[PDB]
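Take a look at this single chain in structure tokens; it is the form deposited in one PDB entry.
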């Protein structure tokens, strides 16, 4: 409850709150949100292909939206943004996309086999954590954030992304690895590990039966809560403000499953 869950956990609210939390001006964050919208939608259109509306539009339109974001981000100077901060925003935004691309590649190469828990955690921190850091890193940078603040938002972004990707793995209760299955692997004797591995390697409703038979779902929840605490810890570096409060609640499932559908 608290602030009622709204669904669709995206950058516009993360970016604007991040900018204002460090002392930024709304006049820059508003057009920046339009810039971030473009890049995130473009990342969406590409994600829709790799997990298999028109193929040219999905690819080129996703590409074009990357350009819209960077163009609109640069155009924020006419709104009043200092050019030095905007320049750093380019560096922030660019490295985030590199993490998203690197992670998706691992998504393709990891499927149908067990990876280490840490490997999975690093992957999603770049897959979904960078998606949020695109909002926080750009917002904070445009807001004038200190290096400690930007690093704070970085931890907050990563830890929040890990948590919510886990919470999406929990909905189920390619053979791609999820944390519940991976933590079930850790507890199991070799006899039960072998079963988990052959299944990753419609009818295979089967996987649900063996997951439930071996406590897959339960395992990941506590991991999710651990990262929720680290994200809230990171925010405390920031000065107290209503903006910092708004960021803290987003660790507890602050929006609906509709966010994972969004």
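Residue numbers count along the first chain shown, from 1. For clarity, a rigid core is taken as the largest C-alpha set superposing within 1.5 Å between two forms.
The same protein has a further form, the form deposited in another entry, not shown here; the description that follows concerns it.
Engineer: Picking from 210, 41, 228, 234, which residue has its CA shift by 2 Å or more between the shown form and the other one, once the rigid core of the two forms is superposed?
Structural biologist: The listed residue whose C-alpha shifts by at least 2 Å is 210.
Engineer: Does the distance between the two CA positions of residue 9 reach 2 Å or more between the shown form and the other one, the core being superposed?
Structural biologist: Yes, the C-alpha moves 2 Å or more.
Engineer: Just say closer or farther for the C-alpha distance from residue 38 to residue 9 in that other deposited form, relative to the shown form; it changes by 3 Å or more.
Structural biologist: Result: closer.
Engineer: Shorter or longer C-alpha distance for residue 240 and residue 7 in that other deposited form, given it differs from this form by 3 Å or more?
Structural biologist: Note: Cα gap between residue 240 and residue 7 widens in that other deposited form.
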